[PDB]
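Heads up, the entry's author numbering is the position in the sequence shown plus 20, with the first residue counted as 1. All residues carry an ideal CB built from backbone N, CA and C; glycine is no exception. Have a look at the structure below before the remarks.
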Amino acid sequence: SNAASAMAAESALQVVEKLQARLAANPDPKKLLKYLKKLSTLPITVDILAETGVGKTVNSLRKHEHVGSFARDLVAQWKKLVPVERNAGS
């Protein structure tokens, strides 16, 4: 059954978390892009972004020229999930 599955029970949350751990321990810029692509192919929700804090991590990864191009788009895809205000002075 999908519920109480004895195998492949890994929630998107759990997979993102374990990848984010590998992002902080960054072994290669080559592997960093592979990691980002995995965060992007999971159903990311605002709940995951909040618990993992992965938004902070990937926004920081934008500093690397090697993976910053994809990391930018990664934050851009996540910006669609979170609410966005347009408060300004006048």
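Query: Measure the Cβ-Cβ separation of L33 and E71 and say whether it is below 8 Å.; Result: yes
Query: Give the range of the alpha helix (DSSP H) segment to which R92 is assigned.; Result: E85 to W98
Query: Are the CB atoms of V74 and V36 within a distance shorter than 8 Å?; Result: yes
Query: Consult DSSP for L62 and reduce its assignment to one of helix, strand or coil.; Result: coil
Query: Output the distance between the C-alpha atoms of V104 and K51, rounded to the nearest integer angstrom.; Result: 31 Å
Query: Give a yes or no on whether the C-beta atoms belonging to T65 and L43 are separated by under 8 Å.; Result: no
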